[PDB]
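Trainee: So that you have it, the file is query_1.tsv, and it contains TSV, C-alpha atoms and all ligand atoms:
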chain	number	residue	atom	x	y	z
C	1	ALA	CA	0.39	-18.63	-13.23
C	2	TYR	CA	1.37	-16.89	-9.93
C	3	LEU	CA	-0.63	-14.11	-8.28
C	4	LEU	CA	1.56	-11.26	-7.00
C	5	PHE	CA	1.49	-7.76	-5.58
C	6	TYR	CA	4.43	-5.47	-6.16
C	7	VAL	CA	5.25	-1.80	-5.62
C	8	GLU	CA	5.16	0.56	-8.60
C	9	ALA	CA	3.76	4.80	-5.77
C	10	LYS	CA	0.96	2.29	-5.41
C	11	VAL	CA	0.72	-1.40	-4.73
C	12	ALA	CA	-0.09	-3.05	-8.07
C	13	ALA	CA	-1.35	-6.60	-8.87
C	14	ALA	CA	0.00	-8.89	-11.54
C	15	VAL	CA	-0.38	-12.47	-12.71
C	16	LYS	CA	2.92	-13.82	-14.15
E	1	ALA	CA	13.72	-1.17	8.56
E	2	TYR	CA	10.19	-2.72	8.32
E	3	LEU	CA	8.29	-3.28	5.07
E	4	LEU	CA	4.62	-2.26	5.30
E	5	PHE	CA	1.48	-1.70	3.27
E	6	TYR	CA	-1.09	0.77	4.50
E	7	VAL	CA	-4.26	2.39	3.16
E	8	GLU	CA	-4.09	5.97	1.89
E	9	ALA	CA	-7.92	5.36	-1.69
E	10	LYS	CA	-5.14	2.99	-2.67
E	11	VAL	CA	-2.94	0.54	-0.88
E	12	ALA	CA	0.47	2.21	-0.54
E	13	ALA	CA	3.91	0.73	0.38
E	14	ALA	CA	6.37	2.17	2.85
E	15	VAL	CA	9.62	1.24	4.52
E	16	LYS	CA	9.83	2.71	8.07
N	1	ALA	CA	-16.77	-6.40	9.43
N	2	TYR	CA	-13.95	-8.01	7.33
N	3	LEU	CA	-10.83	-6.18	6.16
N	4	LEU	CA	-9.94	-6.94	2.52
N	5	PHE	CA	-7.69	-5.93	-0.35
N	6	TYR	CA	-8.87	-6.45	-3.89
N	7	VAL	CA	-7.73	-5.48	-7.38
N	8	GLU	CA	-9.49	-2.62	-9.15
N	9	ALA	CA	-5.23	-1.12	-11.90
N	10	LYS	CA	-4.36	-0.68	-8.25
N	11	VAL	CA	-4.77	-2.72	-5.13
N	12	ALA	CA	-7.67	-1.17	-3.20
N	13	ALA	CA	-8.79	-1.65	0.45
N	14	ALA	CA	-12.32	-2.23	1.64
N	15	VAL	CA	-14.17	-3.11	4.82
N	16	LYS	CA	-17.30	-5.21	4.07
Y	1	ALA	CA	10.64	20.03	-23.52
Y	2	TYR	CA	6.78	19.89	-23.70
Y	3	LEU	CA	4.51	19.48	-20.67
Y	4	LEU	CA	1.69	16.98	-21.27
Y	5	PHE	CA	-1.10	15.06	-19.57
Y	6	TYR	CA	-2.19	11.75	-21.00
Y	7	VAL	CA	-4.46	8.89	-19.96
Y	8	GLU	CA	-2.89	5.71	-18.60
Y	9	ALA	CA	-6.96	4.51	-15.45
Y	10	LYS	CA	-5.61	7.82	-14.24
Y	11	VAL	CA	-4.51	11.03	-15.85
Y	12	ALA	CA	-0.70	11.02	-15.79
Y	13	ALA	CA	1.83	13.86	-16.38
Y	14	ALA	CA	4.91	13.69	-18.54
Y	15	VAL	CA	7.60	15.98	-19.89
Y	16	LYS	CA	8.80	14.83	-23.36
Z	1	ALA	CA	-11.15	29.44	-3.68
Z	2	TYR	CA	-9.17	28.38	-6.82
Z	3	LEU	CA	-9.58	25.05	-8.61
Z	4	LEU	CA	-6.25	23.46	-9.58
Z	5	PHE	CA	-4.64	20.31	-10.91
Z	6	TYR	CA	-1.08	19.51	-9.97
Z	7	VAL	CA	1.30	16.58	-10.34
Z	8	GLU	CA	1.93	14.34	-7.33
Z	9	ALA	CA	2.82	9.98	-10.18
Z	10	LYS	CA	-0.74	11.04	-10.90
Z	11	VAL	CA	-2.48	14.27	-11.68
Z	12	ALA	CA	-4.28	15.33	-8.49
Z	13	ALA	CA	-7.03	17.96	-7.92
Z	14	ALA	CA	-7.10	20.54	-5.17
Z	15	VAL	CA	-9.11	23.57	-4.13
Z	16	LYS	CA	-6.89	26.18	-2.38
H	1	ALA	CA	-18.81	11.53	-27.72
H	2	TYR	CA	-17.21	14.15	-25.38
H	3	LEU	CA	-13.75	13.83	-23.84
H	4	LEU	CA	-13.66	14.81	-20.15
H	5	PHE	CA	-11.51	14.81	-17.04
H	6	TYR	CA	-13.17	14.68	-13.65
H	7	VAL	CA	-12.09	14.22	-10.04
H	8	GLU	CA	-12.61	10.83	-8.39
H	9	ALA	CA	-8.44	11.26	-5.17
H	10	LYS	CA	-7.09	11.33	-8.70
H	11	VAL	CA	-8.00	13.07	-11.90
H	12	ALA	CA	-9.72	10.46	-14.09
H	13	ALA	CA	-10.55	10.49	-17.84
H	14	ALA	CA	-13.84	9.51	-19.41
H	15	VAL	CA	-15.54	9.58	-22.78
H	16	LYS	CA	-19.34	10.10	-22.42
I	101	CL	CL	6.02	8.02	-7.82
I	102	CL	CL	-9.96	9.30	-1.49
I	103	CL	CL	-7.06	0.08	-15.77
I	104	NA	NA	-3.63	5.78	-8.40
Could I get this structure in the form of structure tokens?

Mentor:
Amino acid sequence: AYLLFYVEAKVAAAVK
Amino acid sequence: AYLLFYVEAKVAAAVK
Amino acid sequence: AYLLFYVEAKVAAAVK
Amino acid sequence: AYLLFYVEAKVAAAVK
Amino acid sequence: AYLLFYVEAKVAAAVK
Amino acid sequence: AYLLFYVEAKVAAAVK
């Protein structure tokens, strides 16, 4: 899957 | 405006 | 030293 | 409504 | 001084 | 065990 950072504030990491 | 990440700790997003 | 972001969740900054 | 703190980690506030 | 928690979201501590 | 909040900043929960 893809590694991403996004804004939720804090910058959060996710793997979708 | 410009999209930026900066350190505040957590990494924070801002649009200046 | 090196500037890095890592995942701890939130994205955190460190200088090692 | 009710004022509450809960654990999400960090302690988060909510008003339900 | 006084110890307090407040909402900034996360619950944050301060001493005023 | 005991439920506690402490300051780490954010207020964090722990069970010791
Ligand atoms: Cl927010
Ligand atoms: Cl800090
Ligand atoms: Cl977590
Ligand atoms: Na946080």

Trainee: Can you tell me, as an NGL selection string, what residues are no more than 7 Å from residue 15 in chain H when counting all atoms listed in the file, ignoring any on the same chain fewer than 4 positions away?

Mentor: :H and (1-4)

Trainee: Each residue of chain H with at least one atom at most 7 Å from chain Y should appear once, together with its nearest atom pair and the corresponding distance in Å (one decimal); atoms considered: all atoms listed in the file; ordering: chain, then increasing residue number; output as JSON lines.

Mentor:
{"residue": "H:10", "atom": "CA", "partner": "Y:10", "partner_atom": "CA", "distance": 6.7}
{"residue": "H:11", "atom": "CA", "partner": "Y:11", "partner_atom": "CA", "distance": 5.7}
{"residue": "H:12", "atom": "CA", "partner": "Y:10", "partner_atom": "CA", "distance": 4.9}
{"residue": "H:13", "atom": "CA", "partner": "Y:11", "partner_atom": "CA", "distance": 6.4}

Trainee: Would you give the centre and edge lengths, in Å to one decimal, of a box along x, y and z around the listed atoms of range 9-14 of chain N, with 5 Å added to each side, as AutoDock Vina command-line options?

Mentor:
--center_x -8.3 --center_y -1.7 --center_z -5.1 --size_x 18.0 --size_y 12.0 --size_z 23.5

Trainee: Put chain Y into a file with N, CA, C and O atoms, as a PDB file, in the first residue's frame.

Mentor:
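Heads up, here's the output in decode38.pdb:
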ATOM      1  N   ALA Y   1     -25.729  20.189  26.972  1.00  0.00           N
ATOM      2  CA  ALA Y   1     -25.084  18.836  26.857  1.00  0.00           C
ATOM      3  C   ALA Y   1     -23.992  18.664  27.929  1.00  0.00           C
ATOM      4  O   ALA Y   1     -23.655  19.598  28.653  1.00  0.00           O
ATOM      5  N   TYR Y   2     -23.439  17.407  28.021  1.00  0.00           N
ATOM      6  CA  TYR Y   2     -22.393  17.074  28.998  1.00  0.00           C
ATOM      7  C   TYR Y   2     -20.963  17.309  28.514  1.00  0.00           C
ATOM      8  O   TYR Y   2     -20.609  16.936  27.399  1.00  0.00           O
ATOM      9  N   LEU Y   3     -20.142  17.881  29.385  1.00  0.00           N
ATOM     10  CA  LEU Y   3     -18.728  18.086  29.105  1.00  0.00           C
ATOM     11  C   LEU Y   3     -17.942  16.848  29.526  1.00  0.00           C
ATOM     12  O   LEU Y   3     -18.072  16.400  30.664  1.00  0.00           O
ATOM     13  N   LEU Y   4     -17.139  16.287  28.625  1.00  0.00           N
ATOM     14  CA  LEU Y   4     -16.360  15.097  28.961  1.00  0.00           C
ATOM     15  C   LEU Y   4     -14.957  15.127  28.395  1.00  0.00           C
ATOM     16  O   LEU Y   4     -14.699  15.752  27.374  1.00  0.00           O
ATOM     17  N   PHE Y   5     -14.063  14.425  29.082  1.00  0.00           N
ATOM     18  CA  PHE Y   5     -12.731  14.091  28.583  1.00  0.00           C
ATOM     19  C   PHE Y   5     -12.738  12.614  28.373  1.00  0.00           C
ATOM     20  O   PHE Y   5     -13.419  11.845  29.146  1.00  0.00           O
ATOM     21  N   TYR Y   6     -12.019  12.159  27.356  1.00  0.00           N
ATOM     22  CA  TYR Y   6     -11.896  10.738  27.075  1.00  0.00           C
ATOM     23  C   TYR Y   6     -10.516  10.494  26.474  1.00  0.00           C
ATOM     24  O   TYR Y   6      -9.841  11.431  26.078  1.00  0.00           O
ATOM     25  N   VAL Y   7     -10.092   9.243  26.414  1.00  0.00           N
ATOM     26  CA  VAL Y   7      -8.783   8.925  25.870  1.00  0.00           C
ATOM     27  C   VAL Y   7      -8.915   8.486  24.422  1.00  0.00           C
ATOM     28  O   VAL Y   7      -9.664   7.559  24.123  1.00  0.00           O
ATOM     29  N   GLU Y   8      -8.182   9.148  23.529  1.00  0.00           N
ATOM     30  CA  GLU Y   8      -8.119   8.725  22.131  1.00  0.00           C
ATOM     31  C   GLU Y   8      -6.670   8.445  21.764  1.00  0.00           C
ATOM     32  O   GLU Y   8      -5.870   9.369  21.604  1.00  0.00           O
ATOM     33  N   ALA Y   9      -1.503   8.059  22.456  1.00  0.00           N
ATOM     34  CA  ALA Y   9      -2.858   8.644  22.616  1.00  0.00           C
ATOM     35  C   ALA Y   9      -2.797   9.923  23.406  1.00  0.00           C
ATOM     36  O   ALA Y   9      -1.816  10.230  24.082  1.00  0.00           O
ATOM     37  N   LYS Y  10      -3.917  10.703  23.318  1.00  0.00           N
ATOM     38  CA  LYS Y  10      -4.020  11.949  24.037  1.00  0.00           C
ATOM     39  C   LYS Y  10      -5.348  11.961  24.745  1.00  0.00           C
ATOM     40  O   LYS Y  10      -6.244  11.203  24.399  1.00  0.00           O
ATOM     41  N   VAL Y  11      -5.468  12.808  25.753  1.00  0.00           N
ATOM     42  CA  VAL Y  11      -6.757  13.066  26.344  1.00  0.00           C
ATOM     43  C   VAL Y  11      -7.464  14.124  25.495  1.00  0.00           C
ATOM     44  O   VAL Y  11      -6.934  15.209  25.270  1.00  0.00           O
ATOM     45  N   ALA Y  12      -8.656  13.779  25.017  1.00  0.00           N
ATOM     46  CA  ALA Y  12      -9.442  14.645  24.146  1.00  0.00           C
ATOM     47  C   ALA Y  12     -10.697  15.158  24.858  1.00  0.00           C
ATOM     48  O   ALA Y  12     -11.237  14.460  25.709  1.00  0.00           O
ATOM     49  N   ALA Y  13     -11.169  16.362  24.504  1.00  0.00           N
ATOM     50  CA  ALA Y  13     -12.448  16.870  25.063  1.00  0.00           C
ATOM     51  C   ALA Y  13     -13.598  16.699  24.086  1.00  0.00           C
ATOM     52  O   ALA Y  13     -13.415  16.756  22.873  1.00  0.00           O
ATOM     53  N   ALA Y  14     -14.788  16.492  24.622  1.00  0.00           N
ATOM     54  CA  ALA Y  14     -15.981  16.471  23.801  1.00  0.00           C
ATOM     55  C   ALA Y  14     -17.168  16.996  24.593  1.00  0.00           C
ATOM     56  O   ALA Y  14     -17.174  16.990  25.824  1.00  0.00           O
ATOM     57  N   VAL Y  15     -18.146  17.504  23.862  1.00  0.00           N
ATOM     58  CA  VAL Y  15     -19.423  17.903  24.424  1.00  0.00           C
ATOM     59  C   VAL Y  15     -20.527  17.105  23.737  1.00  0.00           C
ATOM     60  O   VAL Y  15     -20.862  17.394  22.597  1.00  0.00           O
ATOM     61  N   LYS Y  16     -21.082  16.095  24.395  1.00  0.00           N
ATOM     62  CA  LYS Y  16     -22.154  15.247  23.866  1.00  0.00           C
ATOM     63  C   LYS Y  16     -23.485  15.663  24.455  1.00  0.00           C
ATOM     64  O   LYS Y  16     -23.787  15.390  25.618  1.00  0.00           O
TER      65      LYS Y  16
END
